[PDB]
Amino acid sequence: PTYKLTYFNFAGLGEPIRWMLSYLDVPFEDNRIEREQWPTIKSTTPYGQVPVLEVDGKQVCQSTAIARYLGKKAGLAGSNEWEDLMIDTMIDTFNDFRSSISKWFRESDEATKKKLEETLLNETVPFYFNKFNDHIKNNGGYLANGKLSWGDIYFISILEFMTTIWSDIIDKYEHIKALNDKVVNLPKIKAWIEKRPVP
Amino acid sequence: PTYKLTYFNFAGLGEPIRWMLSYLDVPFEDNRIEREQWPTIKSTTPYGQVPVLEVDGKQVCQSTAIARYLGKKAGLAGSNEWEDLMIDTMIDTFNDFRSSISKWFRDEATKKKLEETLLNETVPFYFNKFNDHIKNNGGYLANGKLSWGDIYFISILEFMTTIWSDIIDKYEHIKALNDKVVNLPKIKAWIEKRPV
Ligand SMILES: N[C@@H](CCC(=O)N[C@@H](CS)C(=O)NCC(=O)O)C(=O)O
Ligand SMILES: N[C@@H](CCC(=O)N[C@@H](CS)C(=O)NCC(=O)O)C(=O)O
């Protein structure tokens, strides 16, 4: 198939798809958009947002849906419906968490924003990350089913983005950091990290 | 297995799971939580929220994940991974739409303003696209055939209609999809026995 990814010129929600396509070892166009050109491109997307992955000429959006699809293609999904449920539930929970990051990112009042960041760093992150940490510990060192999934790749690629703001944030969570080191050293993901544009 | 669904005593995000369990034709305990008891129950849930579906005692959360799981068990998912992507992408987009709703649900004059953006901007942006998608793709959200996404979509829209009675009336293909789904025998039977 042909693959063309459109996203902004940073990691964000494009990166899970880039990592999955790299893991899949397929060529793909990495179409990156500057923030300056976004009001132009916005009206061209199916629902006004990126990422968009064009597969054999058909535009598909939603980072999670696409990651799962590529995960199936990659052999990084479940062996049965229950195993896929174990992956899906963790990523939907992660996406509930990262909604908090989005609220903080889009706040225009600086003092409120500082208040969101405080709540985020001292209540929200511990609440979710202690559970994620305990879950990974008790699930074989992975998000789900004791084995590598597209969920692990989605989780780590997006957490890496957080490390660009709060650099130490995942360090104290031993099992999150252990999954992080494992994923970024998958050879094709490692390669992508080495060759990817480094803003 | 045994199934126990815990959610509040209204439709909301529990209703897609109730509809899917009904469509699956399996017995389940419909554990409907009153707001008064929610502070007690909240700490017992995996991540502080409902719905929670207990499957032979194991707690699973996340309404979309559960609906997809039950969808696959019910023969209402895709025939291949492309077809499953077609369902999954529409529902994640619908969940983006829903996210705008959730903020309203969370001062009665600032509520009145959030509600004007929802009805006047957010709803028309999304529902025009959903309506035309359904129109030009066989009368369903994905792949020209009934999926768990249709169930999820219509059940949550039905709950939105209990607040904004005319919200889908101008979207004739959405309304038509609604009418198809709620007249499915297993669904219809649920709608008749559920709390008023
Ligand atoms: N649920 C969507 C969220 C996509 C999304 O939020 N895209 C943002 C960038 S991360 C965007 O397009 N912002 C530009 C805008 O909203 O105009 C997904 O997971 O792909
Ligand atoms: N992504 C979750 C969202 C769950 C959610 O937002 N649950 C709300 C009710 S619809 C809740 O439990 N509110 C009570 C609380 O947060 O204390 C899902 O789809 O199940």
Side-chain angles (χ1 to χ4, degrees), chain A residues 5-17 33 35 37-53 59-69 88-103 105-106 124 127-128 154 157-158 161, chain B residues 5-17 32-35 37-53 59-69 88-106 122 125-126 152 155-156 159-160:
Chain A
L5 173 69
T6 302
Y7 187 72
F8 294 115
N9 213 331
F10 57 98
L13 290 180
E15 201 67 15
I17 298 163
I33 309 301
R35 331 218 66 235
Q37 323 295 10
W38 173 236
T40 293
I41 292 294
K42 180 173 177 67
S43 46
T44 65
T45 63
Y47 285 88
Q49 294 205 311
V50 286
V52 177
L53 181 72
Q59 288 195 133
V60 189
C61 358
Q62 295 297 338
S63 64
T64 304
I66 295 167
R68 184 184 299 104
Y69 170 73
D88 290 351
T89 188
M90 290 310 295
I91 291 301
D92 276 0
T93 293
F94 178 63
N95 286 336
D96 283 344
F97 161 71
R98 79 178 161 71
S99 165
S100 263
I101 302 172
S102 299
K103 166 95 192 172
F105 216 104
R106 296 183 178 277
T124 307
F127 177 88
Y128 284 95
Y154 189 96
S157 69
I158 290 174
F161 186 87
Chain B
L5 171 70
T6 297
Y7 189 67
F8 295 118
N9 187 21
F10 48 92
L13 299 180
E15 201 64 7
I17 302 170
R32 305 172 74 101
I33 297 310
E34 299 300 339
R35 187 61 66 173
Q37 68 196 20
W38 172 236
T40 306
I41 296 301
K42 172 183 180 72
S43 43
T44 84
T45 66
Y47 286 94
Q49 292 206 294
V50 289
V52 178
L53 180 77
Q59 284 184 332
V60 189
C61 59
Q62 292 301 339
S63 68
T64 299
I66 295 156
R68 181 183 303 103
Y69 169 80
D88 288 352
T89 192
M90 293 301 304
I91 295 303
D92 280 352
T93 297
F94 178 64
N95 284 335
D96 283 352
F97 159 83
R98 272 212 295 111
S99 194
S100 324
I101 271 187
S102 280
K103 326 260 145 262
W104 181 87
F105 275 84
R106 299 157 117 113
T122 312
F125 182 73
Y126 283 101
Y152 190 94
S155 67
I156 287 150
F159 169 76
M160 292 173 38

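Note that ligands are numbered from 1 as they come in the structure, with each ligand's atoms numbered from 1 the same way. Reminder, nothing fancy here: chain letters follow the sequence lines and each chain counts from 1.
Heavy atoms of A:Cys61 stay at 4.0 angstrom or farther from ligand 1. Within the structure, the closest approach of B:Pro51 to ligand 2 falls below 4.0 Å when heavy atoms are considered.
Remark: among candidates A:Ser99, A:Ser63, A:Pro16, the nearest residue to atom 19 (O) of ligand 1 is A:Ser63, based on non-hydrogen atoms. Nearest to atom 12 (O) of ligand 2 by heavy-atom distance, out of B:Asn95, B:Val50, B:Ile33, B:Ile156, is B:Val50. Considering each of A:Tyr7, A:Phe8, A:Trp38, the one bringing a non-hydrogen atom nearest atom 10 (S) of ligand 1 is A:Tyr7.
Applying the side-chain contact (heavy atoms from CB on, under 4.5 Å) test to A:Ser100 and every residue at least two apart in sequence or in another chain returns A:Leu120, A:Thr124. Qualifying side-chain contact (heavy atoms from CB on, under 4.5 Å) partners for A:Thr64, counting only residues two or more places apart in sequence or in other chains: A:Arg68, A:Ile91, A:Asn95, A:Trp150, A:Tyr154, B:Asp92.
Applying side chain to side chain contact (heavy atoms under 4.5 Å, CB included) to B:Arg32 and the options B:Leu5, B:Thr6, B:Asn9 leaves one that passes, B:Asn9.
Counting protein heavy atoms only, atom 16 (O) of ligand 2 is closest to B:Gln49 NE2, 3.0 Å. Atom 18 (C) of ligand 2 has B:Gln62 OE1, 3.2 Å as its closest protein atom, hydrogens excluded (heavy atom only).
For B:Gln59 and B:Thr45, the side-chain atoms include no donor-acceptor pair closer than 3.5 Å.
Looking at B:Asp96 next to ligand 1, an N or O pair under 3.5 Å apart turns up. Checked against a 3.5 angstrom limit, the closest N/O atoms of A:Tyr154 and ligand 1 fall outside it.
Atom OH of residue A:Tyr69 and atom CG of residue B:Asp88 lie 12.0 Å apart, to the nearest 0.5 angstrom. Distance check: A:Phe127 CZ to A:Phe97 CZ gives 11.5 Å after rounding to the nearest 0.5 Å.
For ligand 1, the atoms sitting less than 4.0 Å from at least one non-hydrogen atom of A:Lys42 are 15 (C), 16 (O), 17 (O), numbered in the order shown with element in parentheses. Residue A:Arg106 approaches ligand 1 through these ligand atoms, each under 4.0 Å from one of its heavy atoms: 13 (N).
Taking the six-membered ring for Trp, A:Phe10 and A:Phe161 have ring centres closer than 6.0 Å.
A donor-acceptor contact shorter than 3.5 Å links the side chain of B:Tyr7 to the backbone of B:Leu13.
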